[PDB]
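Protein chains get the first letters and strands the later ones, always in sequence-line order, with residue 1 at the start of each. All values below come from the heavy atoms of this structure, side chains included, with hydrogens, waters and symmetry mates left out.
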Amino acid sequence: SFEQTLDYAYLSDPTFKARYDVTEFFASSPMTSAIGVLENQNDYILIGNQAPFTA
Amino acid sequence: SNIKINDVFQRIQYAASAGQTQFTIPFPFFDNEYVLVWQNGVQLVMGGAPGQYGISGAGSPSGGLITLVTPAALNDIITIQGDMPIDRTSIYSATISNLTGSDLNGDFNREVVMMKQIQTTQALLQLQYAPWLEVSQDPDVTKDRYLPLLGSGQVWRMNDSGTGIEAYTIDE
Amino acid sequence: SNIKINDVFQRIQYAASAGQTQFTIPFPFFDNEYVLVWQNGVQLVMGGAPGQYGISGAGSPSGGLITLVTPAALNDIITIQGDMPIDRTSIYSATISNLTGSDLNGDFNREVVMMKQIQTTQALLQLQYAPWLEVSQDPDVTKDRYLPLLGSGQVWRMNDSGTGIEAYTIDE
Amino acid sequence: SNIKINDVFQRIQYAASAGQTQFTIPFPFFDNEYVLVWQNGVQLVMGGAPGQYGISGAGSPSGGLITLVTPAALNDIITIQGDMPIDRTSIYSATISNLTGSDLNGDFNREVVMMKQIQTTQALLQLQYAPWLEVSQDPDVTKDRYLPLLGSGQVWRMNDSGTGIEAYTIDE
Amino acid sequence: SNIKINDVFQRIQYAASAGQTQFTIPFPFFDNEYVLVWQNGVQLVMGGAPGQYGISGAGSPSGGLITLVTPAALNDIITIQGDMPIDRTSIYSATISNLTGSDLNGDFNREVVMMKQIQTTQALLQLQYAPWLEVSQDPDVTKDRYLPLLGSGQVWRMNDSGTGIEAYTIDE
Amino acid sequence: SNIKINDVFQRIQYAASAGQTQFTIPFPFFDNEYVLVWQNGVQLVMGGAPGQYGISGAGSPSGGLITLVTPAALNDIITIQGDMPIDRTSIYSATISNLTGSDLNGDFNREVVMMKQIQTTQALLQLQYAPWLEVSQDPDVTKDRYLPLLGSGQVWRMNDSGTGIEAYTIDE
Amino acid sequence: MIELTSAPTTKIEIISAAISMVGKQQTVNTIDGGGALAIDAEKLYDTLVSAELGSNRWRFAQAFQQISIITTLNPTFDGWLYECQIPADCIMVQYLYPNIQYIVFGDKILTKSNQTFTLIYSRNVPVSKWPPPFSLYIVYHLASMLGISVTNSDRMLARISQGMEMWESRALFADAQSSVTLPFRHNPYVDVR
């Protein structure tokens, strides 16, 4: 089962140096906010949480 | 380090010695395809066959080298000119572009070389009035500047009224 | 401003078909006022009245479209040219804290378009010596380069000494 | 360089009043050495000796001033032109460093001024076909564009076949 | 570093794509000098000159990288092998001193890697009888395992008595 | 305090001079019984009788000395090899073992020497494919690796299908 | 196989060694976040190396190439006839082959003949081509400049100075001693005969 949202979420470029904060879009319901991800080849999604998660 | 631009024209011409194959490219360039080579007014092709040339030094801050496959004859004229497309196809993203000093250096270097190639053509290959001449300071006045197309056996001649340059037939 | 600038001449000319009204602009432009339209050598005015034109596609990387109010006659010559001013009126703060992709792309792109407009004029509308000719590689030598003003009924002619171009009167 | 660059030609010419010493520079410039001054076709030098001039206003948006040491005679022609070498005016570190908007403004303003100087010569001091004329839109067709070198007493004349411009000797 | 040593062969080989420069090192290594690189059977050298390579990832569990200076041609064979000399990498005092788990981890990890390099050569590059074959279980019986030196034009052939392998000249 | 391991093989071979008795053991060893000596392919016995040898230097960090009882003849071949057993019979207790730097040094030294003896056999006495050859990187593919037992008058020959090596009778 | 060198092979390894000499830890993969020491080391590295290789005949930095007559350029003094282009990578002109009359004038080489001329000159070469003594000399010299630019410590400058000058002489000896000393090109009391 799933309840909580990620504490941190970023999009990054192939060099893994850019940081585009998207924590609110991932946390919000689909009808309130959304964001396009993995726009180009070798792009990244960086996600972090205070506690470990397995799904 | 910056590339060699100041007072370095993007064109050079040589008078070869008998048997010479190596000719310096004295100006920076970014890609082998953006360098044009002529020999006695005939444009050459990059390759390994006789009559062709090899090239090195792309991306070098100072220039490179042209190596003819066939050794040149005495007083062959070798012309080398930089000719880069004036465009911009690598751009920054709106969201995930990390600005770097290398990025800024690359973009400014690209535009300075483009601008130098334009000014090289203007300074060495084009005609102009002397800067102190009393030409009309209004560009809309085209009396001394606009030219007509020349038909066969025609020269440019200011008309009898001094209002414009027109084509003028002169027989041979 | 987050667009690419392709390598396209900033001038296009068409021979209209019978009743044609839509003419494509293949080059990028940023503002409708920075495009000049001629029909048979007469500059048109942007508007909705007959004898005028409407324009769309500003800011698009692939250019836009010119729509004549009055359909063109067969073989009417339509000329479209980009004529952006060369200046910079939007600048950054001294200690900017937010530099957006559009602003940085915009500054680089607009200078590329300006240089392309200069180069389009000098490649399609101006005279030049062939790049391989033995012109003096010192720009201070103006023998072949500096022109005098032409009086009524005069042509440009290299003087007898071969030291400079002077105005020569012809009455034939 | 936190100024704005206006769209002003980088050349101005005056006919002097009796005893005039001060002449306005309407275009921006950044260094005193990069502004050329002629008086009746003779270039002047900066200084305080008679026959020289002083200059002020570098870095300003406009409104610079040229002050002749010797007052000009009536109808003396004073020409003021900007001439700044094309070069990079900044250097950015590859490692993480600081960036300011003053750095970006200085780079883009300098490059806009350099482009304006090229375009000022093109618009005011050079020859071109009218934009609406039916020149070949392929630059490889050099019939109307490429010129030959002129020998003594020769003019540019389109040949009888209408295939290119050739040097033509003119007699009585 | 306190890393875990995974069970990975200390050799990897690739067939390069067109223009490929980056190749992954899937096995751990501790020093750049202890990783050998071949390209089409020719050993390369670390550096920045053309024909050389750069390496990163020392001390990491895996995921090192080899970057060729010159992009590889299609189907170039790249071989990467670990070669670390067998040696003590630690020294302990006889008098009462300090000990850390970092010291022990460094010793045991490097000895495991050294053993894996020996076993990688044994498994991938050497010949052996199938483990289930009925070979003599006493190593002093050298009939099947001891080889003689080969002279010119000779092969290894078990003699007619079935007592040992001897060099045999092939009449050809 | 460490022993000589790096780039020091655990095998040496000499060509004796006439009347020589002293032959250096250039590698460390721990026990006299773990050193093997051959003279012209015949293994010698430690002792004092003629045809036997004496040995010294066990436990030395750098090696020892072999002293033949009978002086050697010219160009006799003396081979010395380290052949320590691969085992571990002295271990730490679970309750009353005081860990010492001498204990750790002793244990690592034994395993390093064992490993060097294995690598000496692999490097100097065994066959292998060149590290850059395109052998299968999967050890389960035994085509080039597994060998069959040779019967009388048989050689190893890759079969006609290129799927495995099989014994192949060749008449003498 | 060939043993790989443990001496520095890249300019980043030279820079990071110089940064460690003045006291700071530095890995090659985090050089971009090295702070003021990395800022100055990167800025000063190219200037120092080019000046060093451009001021002395180092054997490993030598090169040669044919030079080219430039058209329409005519000297009008001392009998010189042609102006020749110096190669793009040339950092210090050393001499010309064959032994003919020439001078370096401005950024050109003036000659009196139109035969084929080859220039011997110094050039920048990558670190992997450097002799190890030269690399350590550059590390000391660069660290010395980091002492002035960053540390602002007179004590550090005094400590570095001894090693910098010692390794300059040792690097010069190691480079020079590998080959015979060449004779003079001009020997007037013999040539006149």
Side-chain angles (χ1 to χ4, degrees), chain E residues 9 11-13 15 36 38-43 77-79 81 83 85-97 99 103-104 107-108 111 114-115 117-118 120-131 133-135 143-144 147 155-163 165 168 170, chain F residues 1-8 99-109 111-123 125-139 141-142 144-157 165 167-172:
Chain E
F9 278 128
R11 175 188 182 273
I12 193 69
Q13 194 175 63
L36 304 182
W38 293 270
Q39 177 169 21
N40 297 322
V42 179
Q43 187 183 353
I77 304 301
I78 303 296
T79 306
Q81 187 184 59
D83 189 7
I86 296 170
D87 204 7
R88 285 288 309 275
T89 58
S90 180
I91 179 67
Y92 298 104
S93 300
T95 53
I96 297 177
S97 198
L99 183 62
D103 297 322
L104 295 180
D107 273 352
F108 286 121
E111 289 188 348
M114 290 172 189
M115 281 183 300
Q117 292 176 1
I118 293 173
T120 292
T121 292
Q122 187 177 60
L124 295 180
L125 299 173
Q126 286 191 316
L127 314 169
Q128 73 171 262
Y129 296 114
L133 296 190
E134 302 189 39
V135 82
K143 159 194 168 179
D144 286 313
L147 299 173
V155 304
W156 289 301
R157 177 181 177 272
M158 182 71 69
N159 57 16
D160 290 326
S161 311
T163 59
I165 301 174
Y168 174 77
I170 282 189
Chain F
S1 186
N2 275 339
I3 63 181
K4 268 172 56 79
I5 298 297
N6 196 319
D7 201 61
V8 179
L99 188 62
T100 312
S102 300
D103 300 334
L104 290 182
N105 285 327
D107 261 323
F108 283 117
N109 281 2
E111 295 197 10
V112 163
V113 176
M114 291 175 188
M115 196 184 311
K116 189 65 185 180
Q117 289 180 0
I118 295 171
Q119 192 256 337
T120 296
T121 296
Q122 187 178 256
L125 302 178
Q126 286 187 321
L127 316 170
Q128 74 167 272
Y129 296 113
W132 56 87
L133 293 190
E134 302 184 44
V135 209
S136 172
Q137 307 187 53
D138 182 13
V141 181
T142 66
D144 292 314
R145 253 100 61 162
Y146 276 12
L147 291 177
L149 292 177
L150 290 182
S152 301
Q154 290 194 309
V155 306
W156 291 297
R157 175 181 177 273
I165 303 171
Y168 189 82
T169 305
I170 289 188
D171 302 330
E172 186 178 351

- Note on the structure: Of F/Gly101, F/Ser152, F/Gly151, the largest count of non-hydrogen pairs under 4.5 angstrom with chain E goes to F/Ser152

- Residue among E/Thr121, E/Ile165, E/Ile170, E/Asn159 with most heavy-atom pairs under 4.5 Å to chain F: E/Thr121

- Answer yes or no: is there a donor N or O on one side and an acceptor on the other, between the side chain of E/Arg88 and the main chain of F/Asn2, under 3.5 Å? no

- In short, F/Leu150 meets E/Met158 closest at the heavy-atom pair O-CE, 3.8 Å

- Message: Would you say that E/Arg157 contacts F/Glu172 through its side chain, given a criterion of any heavy-atom pair below 4.5 Å between the two side chains?
- Response: yes

- Message: Would you compute the distance between atom CG of F/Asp144 and atom CG of E/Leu124 and round it to the nearest 0.5 angstrom?
- Response: 11.5 Å

- Item | Trace of the side chain to side chain contact (heavy atoms under 4.5 Å, CB included) decision for E/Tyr168 with F/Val155 | CA-CA 10 Å; E/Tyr168 174 77; F/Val155 306; 5.6 Å; no

- Go through the atoms of E/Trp38 and report whether side chain, backbone, both or neither lie under 4.5 Å from a heavy atom of chain F. side chain

- Note on the structure: If one checks every heavy atom of E/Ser90 against chain F at 4.5 Å, the contacting part turns out to be backbone

- Part of F/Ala123 lying under 4.5 Å from any heavy atom of chain E: neither

- State which residues pass ring-ring contact (aromatic ring centres under 6.0 Å, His included) with E/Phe108; sequence neighbours excluded, sorted by chain then number. F/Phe108

- chain F contact via E/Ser161 - side chain, backbone, both or neither, heavy atoms under 4.5 Å: backbone

- Among F/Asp7, F/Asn109, F/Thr100, residue most engaged with chain E (heavy-atom pairs, under 4.5 Å): F/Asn109

- Message: I'd like to know which of F/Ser1, F/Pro148, F/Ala167 tops the heavy-atom pair count under 4.5 Å against chain E.
- Response: F/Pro148

- Item | Intermediate values then yes/no, side chain to side chain contact (heavy atoms under 4.5 Å, CB included), F/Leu99 and E/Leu99 | CA-CA 10 Å; F/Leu99 188 62; E/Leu99 183 62; 4.0 Å; yes

- Item | Heavy-atom pair with the smallest gap, counting every atom of F/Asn105 and E/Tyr92 | ND2-O, 2.9 Å

- Query: Where the side chain of E/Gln126 meets the backbone of F/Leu127, is there a donor-acceptor pair that is under 3.5 Å apart?
  - Reply: yes

- Nearest 0.5 Å, what's the CD-CE distance between E/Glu111 and F/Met115? 5.0 Å

- Task: Kindly say whether E/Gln128 contributes a backbone atom to a donor-acceptor pair with the side chain of F/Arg145 at under 3.5 angstrom?
- Result: no

If you look only at distance, which donor and acceptor atoms sit under 3.5 Å apart when one is on a side chain in residues 131-139 of chain F and the other is two or more places apart or in another chain?
unit_1: F/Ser136; atom_1: OG; unit_2: F/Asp138; atom_2: N; d: 3.3
unit_1: F/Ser136; atom_1: OG; unit_2: F/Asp138; atom_2: O; d: 3.4
unit_1: F/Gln137; atom_1: OE1; unit_2: E/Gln13; atom_2: N; d: 3.2
unit_1: F/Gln137; atom_1: NE2; unit_2: E/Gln13; atom_2: O; d: 2.9
unit_1: F/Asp138; atom_1: OD1; unit_2: F/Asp140; atom_2: N; d: 3.2

- Query: Checking F/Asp107 against chain E: side chain, backbone, both or neither under 4.5 Å from a heavy atom?
  - Reply: neither

- Note on the structure: Correct closest heavy-atom pair for E/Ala94 and F/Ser102 would be CB-OG, 4.1 Å

- Task: Go through the atoms of E/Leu36 and report whether side chain, backbone, both or neither lie under 4.5 Å from a heavy atom of chain F.
- Result: neither

- Could you look at E/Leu147 and say if it's the side chain, the backbone, both or neither that has a heavy atom under 4.5 Å from chain F? side chain

- Would you mind checking which part of E/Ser97 comes under 4.5 Å of any heavy atom in chain F, side chain (CB onward), backbone (N, CA, C, O), both or neither? neither

- Under 4.5 Å from a heavy atom of chain F, the part of E/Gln39 involved: neither

- Item | Residue, of E/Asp87, E/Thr163, E/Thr79, that accumulates the most heavy atom pairs under 4.5 Å with chain F | E/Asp87

- Let me know if F/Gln154 has heavy atoms under 4.5 Å from chain E in its side chain, its backbone, both or neither. backbone

- Task: Name the region of E/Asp160, side chain, backbone, both or neither, that has any atom closer than 4.5 Å to a heavy atom of chain F.
- Result: both

- Item | Segment of F/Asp103 engaging chain E (4.5 angstrom heavy-atom cut-off) | neither

- Item | For F/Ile5 against E/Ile86, the heavy-atom pair lying closest together | CG2-O, 3.4 Å

